[PDB]
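# An overview of the molecular structure
Next come the chains, spelled out residue by residue.
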Amino acid sequence: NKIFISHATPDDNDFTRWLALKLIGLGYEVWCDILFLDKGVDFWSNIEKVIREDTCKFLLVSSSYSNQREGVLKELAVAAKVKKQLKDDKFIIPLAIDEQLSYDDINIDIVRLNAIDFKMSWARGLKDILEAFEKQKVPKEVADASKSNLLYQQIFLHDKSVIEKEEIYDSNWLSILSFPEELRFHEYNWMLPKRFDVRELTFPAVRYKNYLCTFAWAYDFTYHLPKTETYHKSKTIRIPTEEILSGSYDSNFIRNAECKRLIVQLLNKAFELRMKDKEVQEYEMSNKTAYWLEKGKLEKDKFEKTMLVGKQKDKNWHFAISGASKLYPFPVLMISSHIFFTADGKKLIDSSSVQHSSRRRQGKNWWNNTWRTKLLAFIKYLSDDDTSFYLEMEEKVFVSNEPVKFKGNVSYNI
Amino acid sequence: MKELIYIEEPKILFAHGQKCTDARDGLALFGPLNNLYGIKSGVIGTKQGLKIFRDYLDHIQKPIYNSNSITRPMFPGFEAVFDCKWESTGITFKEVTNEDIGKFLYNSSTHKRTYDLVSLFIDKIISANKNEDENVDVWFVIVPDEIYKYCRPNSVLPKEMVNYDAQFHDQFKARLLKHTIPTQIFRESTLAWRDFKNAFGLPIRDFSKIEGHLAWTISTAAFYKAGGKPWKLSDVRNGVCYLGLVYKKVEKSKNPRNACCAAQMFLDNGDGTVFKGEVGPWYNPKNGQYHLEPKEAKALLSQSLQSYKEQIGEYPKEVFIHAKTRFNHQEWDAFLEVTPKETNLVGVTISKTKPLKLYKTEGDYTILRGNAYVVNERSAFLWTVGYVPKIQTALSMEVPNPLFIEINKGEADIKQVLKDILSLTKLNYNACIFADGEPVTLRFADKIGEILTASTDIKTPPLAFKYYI
Amino acid sequence: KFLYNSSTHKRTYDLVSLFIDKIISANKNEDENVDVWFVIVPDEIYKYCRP
RNA sequence: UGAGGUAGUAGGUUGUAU
DNA sequence: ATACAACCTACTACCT
Ligand SMILES: [Mg+2]
C-alpha cells in the first residue's frame, strides 16, 4: 500500500520533500525518512521491514549524490530482493533528477531500468509518475490536500514558530522624571527687541505675544540684556507645568497645545545647549543635527568596552546620536543613531555621496546587539550622575540615562 | 516599563481551500486558485534582448535553488508551481533596432529623449495589438541599461556622448492606458546579470544566492499580469470595505496640484477578494495642501459606495480609510454626508515617521513580527517588519521601523485595526515574498498615483492593477 | 426597457449601449483575461433590430 | 524599471505671533 | 517675511 522514497538524506531533500508532499496530497500513502522527526537507533530494521512487507512501489531519486551512497545502495539491494520475490517487473522506478549525472554513469542495479526524466521539468515528471501509477493500478485513496497540509505543519514547521516566553526590549526613549515647578512669562516689554537673536541667550527662552517665556528667573538674562536689571518681579505670569502636562489648562489667553509646543521648543533648545556644553563635534544634517565624538577624545574610543570610533578601510567611522524631545504619549527624548565618516582622525568628508555610500556599506554588518550597545554607551557617556543627566533650564531638568524597557509575552528560539 | 501585545500572523488562502502563512510555500504545495491555460508572451527589444529573454524563459522551467532553502524557499519551475505553460515557443517578437534606439538616446533634453524612446516602444505595441492576428497576454519590454540610466527625471547625459513625466517607466505605463495592455518592463541586466560586469571583473548585481527568489518574484508578477489569482485573504470579515488614499504632486501642469488616488478592497458573495483601484484622481488647486474638498470627497465616497453596492447589493456596514495623512474636520463632515446611517465611517492614519526602535537585549536578531504597543484607545505601534520565525530571518536590514497606526476619526477597536492592517500586508501581488511592511491598499494606491500623474490625458482609466503594477 | 421604443434607431442604440457597456467595463475594471466575448442575443432583440 | 528594506539629500504647508 | 513645532512629498543610494 505504501510507496517508498529513497534518496540522499542531506543532499536531495528539496526535491524529495516536494515529491512526497505532492504524492501524499494526491491520495497515495508515502514512506520517506524525512517525514518522521523521531528516527530511532534501530531505524534500518524498520526500513527493511517496511520495504519487505509494506511498499508496493520503490521510487529511487537518482542523482550524483545518491548514485554511490552506501545506504541508498543497501536499500536498492533490499528492494531488488523484494522485487524478485514479488514477481513485479516494475517494482523499482528511478527518477532521474540530476543533469550532471550522465545516463552512462548510473549504478549497476539501475542501468537497465526505464527512468522518469525530472531534469527538464518537475511537472512533467510528476505527470509521468501519476500516469504510471494509474496504469499499473497502484493503490490510492481519494485526493485530500489536508493530509499534505497537516504533514507540512507537523514536520517542516515545528521548530519554526513563536513560543510563550517573556522578553525585555531596550528602547531609545528617555523618560523625563523631574520638571521645574513653574514656567514664567516675563513681561520685558520691548527690551531693545527683547534680544531679537533669542537663540543666542544663555538659557532656553522663547518670545510670546509680549512676554519672554522660560523656566529660569528674570535676573539670569542680565548679562546679555541689561534692561532686566531694573525689571521687577511684578510683571510676570507664572503657570504650573504639571497642570499643563495633565491637560488641564483652558481659556482664550493660551491654548494647551500651544503650551505643549512651547515646552517642546524649550526642551529642544536646552538639549542643544547642553550637548554643546559637552564639547563634541556637531554635524548639520538636512533637517536635524547630530553629535559625534572625535578620534582622540577617548582613551581609546572604547567606553564601556563597546568601541565608538573605528576604521573601515582608510577612513574613520564615528557613532553619533540625534535627540528630539516629545510630549506624546509621555515626555521623552527620541534618540536616533547615525554613523559619520571622516577622512582623517578629526575632519569631515565634504561630499555627501561618498558619506552615504560608506554608511550603507558599513551598516550591513552591525545588527541589533552592536547598535544597542553603541547607543547605550554613547548615551551613558553623557550621564552627569549615576542614573541621570541634566539640561539647563538656577533650575534644571534631569533625564534618565536608562531607556524605558518594554515587556513582551512571546518570542522565538533563535 | 510598558507592555506589548502580540497579533497572530494572518493566513492566506490557496488552491483546494488550503491556508498558509508563506505565499511561496502555499504556491509550491497546493497552487493558485485560478486555472490559466498558458501565457502567450510578446517581446520587444533588440535581438540581444530577445535572446536574453528566451534564455531566461528556458532557465525558469528547471528548478532553481538559493543558498539557504530555509530562509528563502527554492523555485521548482514555473509549470510545477502555477500548473500553466509560459514557454519560449509562444514568444511573439517585435524587433527594435539598436540604430533606432541610438537615434533618440543621445539628445540634449531628457524630456524629448524619454518621450521619443517611449513613443518608439508604444508605437510598436499598439501596431502589434491592432494589426496582428495573434493573441498576446502580456508584453515584455526588454530595455537596454542605457535607456534606464539616461531616462531618469534627474539623469544627466555626458557631454561627450551627446507635459508627461521625464521617467521611462511611468510615462510608458501612462501612455498605454487607453489600450489596456498589461506590460512587464525588464532590464537586460536583470535577466543576464552574469554578462554585465564592472571594472573588477565581477557582476554589478549578484543574484547567485537569490536566483530562486528572482524567479519567484518574476513568475508571480507574470502570472498576475496574465489574469491569474495566486492567493487571497482568508480571515477578512463581511460587510467591511477598505479604502486607501494617497496624494501625489503633479508637475506636468503649470499650477501644481495634489491628485488623490485610492485603492478599494472587500469580499464578494462568491468568497473572492475584490481588490482594485479607485481613480479619476481628485485634484486640489492649493499647493502644499493634502486635504480633499467637500465636493471631491463626496464624489470619492459616492463612487466607492456605488461600486461596493453594484458588486454586492447593499451598502457596506463598515468603511476604513487608510491614509498617510490626517483627515480634517471639513473633509470628514463631507464624507459623512454621503454615508447612510447603517454605514460606519472610520478614518485611520498610518505613518512610518515616528522614531521608536526596540532593541533585543541579548541577541543578534530583532523584535518579533506582529508585536504591538497600544499607546491608547486610538493609537498603537505595529511591527510589520521584524524577525519571522518561519524563515528564521528578519525582513528588515538593521533594525525594523514601526507603524504608528492611529484611529484619527470614528469609533473602532484599535486591536481590530492592527489585525486588519497586518492581514492586508499579505496581499502584495507585485512581489512573491513574506508579508511586507505597509498595507497593500496604501502601496497600490501609491503605485496607481505614480502613473496617473505622469500623463495628463487620462479621462477614465481602468481599475485592474495589471495595467499599473 | 429599451426594446419597446417607437423609433428603431433609438431602440437599437440604447440596447447596443446596454450590451456594450458591460463588455467594456469587464475589459477595463476586472482582473480576468478573456479571449473571446460570446454575446448570446435572444430572438426578440434580433427580430426587432433591423433597418 | 524583479522586489522589499534601510538611510540620505532637497523642497513645502499649516495653528500662533513678531 | 523672520523664529519655532507638527506634518507632508520628491528623488537618489546601497543590500540581498
Ligand atoms: Mg511589477
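Numbers given for residues start from 1 on each chain and follow the written sequence, which can depart from the numbering in the entry; residues without coordinates are excluded. Chain letters start at A and ligand numbers start at 1, both assigned in the order the entries are written. What is displayed is a subset of a larger assembly, so the values quoted cover only the displayed chains. With hydrogens and water set aside, each side-chain value is computed from the structure's full complement of heavy atoms. Residues with missing side-chain atoms are left out of burial classes, side-chain pairs and their counts.

- For this coordinate set, the PDB header names cryo-EM as the determination method and states a resolution of 3.1 Å.

- As recorded in the PDB entry, chain C goes by the name Piwi domain-containing protein, listed as coming from Maribacter polysiphoniae.

- Taking the PDB entry as the reference, chain B is identified by name as Piwi domain-containing protein belonging to Maribacter polysiphoniae.

### Brief notes about the sheet that holds strand β4 (residues 19–20) of chain B
Residues and elements named next belong to chain B.
- Between any two strands, pairing holds if DSSP finds at least two bridges. Every helix listed is a DSSP run of H or I at least four residues long, and every strand listed is a run of E at least two residues long, numbered separately from the N terminus. Strands sit in the order β4-β3-β9 across an open sheet of three strands; the sheet is antiparallel. Strands at the two margins of the open sheet, each flanked by one partner only, are β4 and β9 (232–233).
- Examined bridge by bridge, strand β3 (residues 12–13) and β9 share two bridges and lie antiparallel to one another. Residue pairing for β9: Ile12 is matched across the bridge by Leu233.

### Side note on the interface of chain A and chain B
- Residues count as neighbours in contact if any of their non-hydrogen atoms are within 4.5 Å of one another. Contacts between chain A and chain B engage 51 residues on the former and 48 residues on the latter.
- Elements with a contribution of two residues or more to the side of chain A that touches chain B: α1 (13–25), α4 (122–135), α5 (145–155), β6 (167–170), β16 (332–342), α9 (352–362), α10 (367–381) and β19 (405–408) of chain A.
- Sorting elements by how many residues they give to the side of chain A that touches chain B places α10(A) first, with six residues.
- Think of it as three bins: nonpolar holds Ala, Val, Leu, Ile, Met, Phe, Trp, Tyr, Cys and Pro, charged holds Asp, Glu, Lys and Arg, and polar takes everything else, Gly as well. Split by residue class, the side of chain A that touches chain B holds 24 nonpolar, 14 polar and 13 charged.
- With two bridges connecting them, β19(A) and strand β1 (residues 2–3) of chain B associate as parallel partners. Looking at the pairing, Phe406(A) lines up with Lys2(B) of β1(B).

### A word on the interface of chain B and chain C
- If you look at the interface, chain B gives 18 residues, while chain C gives eight residues.
- Defined in terms of a 1.4 Å probe, buried area is the accessible area two parts forfeit on being brought together, summed over both. Contact between chain B and chain C buries roughly 980 Å² in total, counting both sides, with carbon and sulfur atoms accounting for 33%.
- A side-chain nitrogen of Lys or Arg and a carboxyl oxygen of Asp or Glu constitute a salt bridge if their distance falls within 4 Å. Summed over the shared surface of chain B and chain C, the number is zero salt bridges.
- Here a polar contact means two N or O atoms within 3.5 Å. Within protein one must be a hydrogen donor candidate and the other an acceptor candidate, and residues neighboring in sequence count only if both atoms are side-chain atoms. Where chain B touches chain C, the interface holds eight residue pairs in polar contact.
- In terms of residue class, the side of chain B that touches chain C is made up of nine nonpolar, four polar and five charged.

### Notes on the packing of helix α10 (residues 294–312) of chain B against helix α11 (residues 329–336) of chain B
All names here are of chain B.
- Each axis is a line fitted through C-alpha atoms, taken for helices only over the stretch in contact, and angles between the N-to-C directions span 0 to 180 degrees. Running from amino to carboxyl end, α10 crosses α11 at an angle of 40 degrees, the nearest separation of the two axes being 8 Å. In this view, α10 runs oblique relative to α11, as classed from their interaxial angle. As α10 runs across α11, the sense of the crossing is right-handed. Contacts between α10 and α11 involve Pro294, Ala297, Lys298 and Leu301 from the first element and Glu331, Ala334 and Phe335 from the second. An angle counts as roughly parallel when it lies under 35 degrees, as roughly antiparallel when it exceeds 145, as roughly perpendicular when it falls between 65 and 115, and as oblique in every other case. Should the near helix be turned anticlockwise from the far one by less than a right angle, the crossing is left-handed, and should it be turned clockwise, the crossing is right-handed.

### A word on the sheet that holds strand β9 (residues 205–207) of chain A
Residues and elements named next belong to chain A.
- Taken in spatial order, the four strands line up as β9-β10-β8-β11 in an open sheet, and their pairing is antiparallel. Both edges of this open sheet fall to β9 and β11 (236–240), since each of them pairs with a single strand only. Adjacent strand axes in the sheet meet at a mean angle of 20 degrees when their direction is disregarded.
- Pairing of β9 with strand β10 (residues 212–214) involves three bridges; the strand directions are antiparallel. Counted as the bridge partner of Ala205 is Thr214 from β10.

### Examining helix α13 (residues 440–452) of chain B
- For α13(B), built from 13 residues, the straight-helix expectation of 18 Å at 1.5 Å per residue is met to within 8% by its first-to-last C-alpha distance of 18 Å.
- Those residues of α13(B) that sit buried are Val440(B), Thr441(B), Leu442(B), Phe444(B), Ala445(B), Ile448(B), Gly449(B), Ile451(B) and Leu452(B). Here the expected span of a helix is defined as 1.5 Å times the quantity of residues minus one. Think of it in three bands: residues with accessible area under 20% of the maximum for their type are buried, residues over 50% are exposed, and the middle band is partly exposed, with areas taken using a 1.4 Å probe on protein chains only.

### A look at the protein's contact with DNA strand E
- Here, proximity means that at least one heavy atom of the residue falls within 4 Å of the molecule or strand. Around DNA strand E, the surrounding shell holds 22 residues, and the nearest of these are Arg261(A), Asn268(A), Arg72(B), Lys249(B) and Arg326(B).
- For DNA strand E, the fraction of protein-proximal atoms (within 4 Å) that sit in sugar or phosphate groups is 85%.
- In this structure, a phosphate oxygen belonging to DNA strand E sits 3.1 Å away from a main-chain N or O atom of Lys249(B).
- Among the secondary structure elements, those contributing two or more residues to the surface near DNA strand E are α8 (256–277) and α9 of chain A together with β10 (240–250) of chain B.
- Of the residues in the surface near DNA strand E, the class split is three nonpolar, six polar and 13 charged.

### What about the packing of helix α2 (residues 47–61) of chain B against helix α9 (residues 211–225) of chain B?
Residue and element names in this part refer to chain B.
- Interaxial distance between α2 and α9 falls to 11 Å at its minimum, and their mutual angle equals 105 degrees. In terms of orientation, α2 and α9 fall into the roughly perpendicular class. Taken together, the residues of α9 that come into contact with α2 (itself represented by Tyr56, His59 and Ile60) are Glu211, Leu214, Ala215, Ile218 and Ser219.
- Of the residues belonging to the contact of α2 with α9, the class tally is five nonpolar, two polar and one charged.

### Details of the UniProt feature "binding site: Mg(2+) 1" (unreviewed entry) in chain B
Residue and element names in this part refer to chain B.
- As recorded in UniProt, the feature "binding site: Mg(2+) 1" (unreviewed entry) lies at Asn430.
- Considering the arrangement of structural elements, one finds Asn430 in the loop between α12 (414–424) and α13.
- Take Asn430: its relative accessible area is 29%, and that puts it in the partly exposed class.
- With residues near it in sequence (within four places) discarded, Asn430 still touches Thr217, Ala221, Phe444, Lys447 and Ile469. UniProt positions are given in the numbering used here, feature names are shortened, and annotations may be inferred rather than shown by experiment.

### A word on the packing of aromatic side chains
- For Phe, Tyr and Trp, where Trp contributes only its six-membered ring, two rings pair if their centres lie within 6.5 Å, and the inter-plane angle classes them as stacked under 30 degrees, edge-to-face over 60, or tilted in between. Inspection of every chain in the model, using the stated rule, returns 56 aromatic pairs over all chains.
- Taking the centre distance of 6.2 Å and the plane angle of 90 degrees together, the rings of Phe203(A) and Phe221(A) count as edge-to-face. In this pair, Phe203(A) is assigned in the loop between α6 (191–195) and β9 and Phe221(A) in the loop between β10 and β11, connecting sequence segments 18 residues apart. The exposure classification of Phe203(A) matches that of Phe221(A), with both residues buried.
- Here the aromatic rings of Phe78(B) and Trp86(B) are separated by 5.3 Å at their centres, their planes lie at 65 degrees, and the arrangement is edge-to-face.
- Classification of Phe78(B) as buried rests on a relative accessible area of 0%.
- Following the ring pairs from residue to residue traces out a cluster consisting of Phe53(B), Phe78(B), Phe82(B), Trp86(B), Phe140(B), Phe186(B) and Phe223(B).
- By definition, being over a ring means that NZ of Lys or CZ of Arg is both within 6 Å of the ring centre and within 35 degrees of the ring normal. A cation over a ring is seen here: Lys74(A) above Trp44(A), with NZ or CZ 3.0 Å from the ring centre.
- In this structure, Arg187(B) is placed above the aromatic ring of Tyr148(B), and the distance from its NZ or CZ to the ring centre is 4.0 Å.

### Quick word on a nonpolar patch on the surface
Residue and element names in this part refer to chain C.
- Exposure above 30% relative accessible area and the absence of a salt bridge qualify a residue for a patch, where like charges join within 9 Å and nonpolar side chains (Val, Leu, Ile, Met, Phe, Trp, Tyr) within 5 Å. Using a 1.4 Å probe, accessible areas were evaluated by the Shrake-Rupley method; residue-level cover was limited to the displayed protein chains. Together, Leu18, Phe19, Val34, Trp37, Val39, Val41 and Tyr46 give the surface a local cluster of nonpolar side chains, amounting to about 620 Å² of exposed area.
- Looking at the secondary structure, you find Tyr46 in helix α2 (residues 43–47).
- Using a relative accessible area of 52% as the deciding quantity, one classes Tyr46 as exposed.

### Section: the arrangement of the chains
- In this assembly, two pairs of chains are in contact, and the pair contributing the most contacts is chains A and B.
- Separating chain A from chain C is a minimum C-alpha gap of 24 Å, and the two share no contact.

### A word on the side chain of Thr453(B)
Residue and element names in this part refer to chain B.
- Of note, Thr453 is situated in the segment after α13.
- The class for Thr453 is buried, based on a relative accessible area of 8%.
- For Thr453, the side chain forms a polar contact with the main-chain oxygen of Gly449, separated by 3.0 Å.
- For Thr453, the contacting residues outside a window of four places in its chain are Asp165, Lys248, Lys249, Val250 and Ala259.

### A few points about the pairing of strand β4 (residues 92–96) of chain A
Residue and element names in this part refer to chain A.
- Burial runs high along β4: five of the five residues are buried.
- Residue alternation in β4 divides its side chains into two sets, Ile92, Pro94 and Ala96 and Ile93 and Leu95, and both sets are buried.
- Two strands pair when backbone bridges link them, and strand β3 (residues 55–62) and β4 are joined in this way by five bridges, in the parallel orientation. Residue pairing in the sheet places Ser62 in a bridge with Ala96 of β4.
- Note on handedness: a crossover is taken as right-handed if, strands pointing away from the viewer, the path from the first strand over the helix to the second is clockwise. Crossover connection from β3 via helix α3 (residues 70–86) to parallel β4: handedness right-handed.

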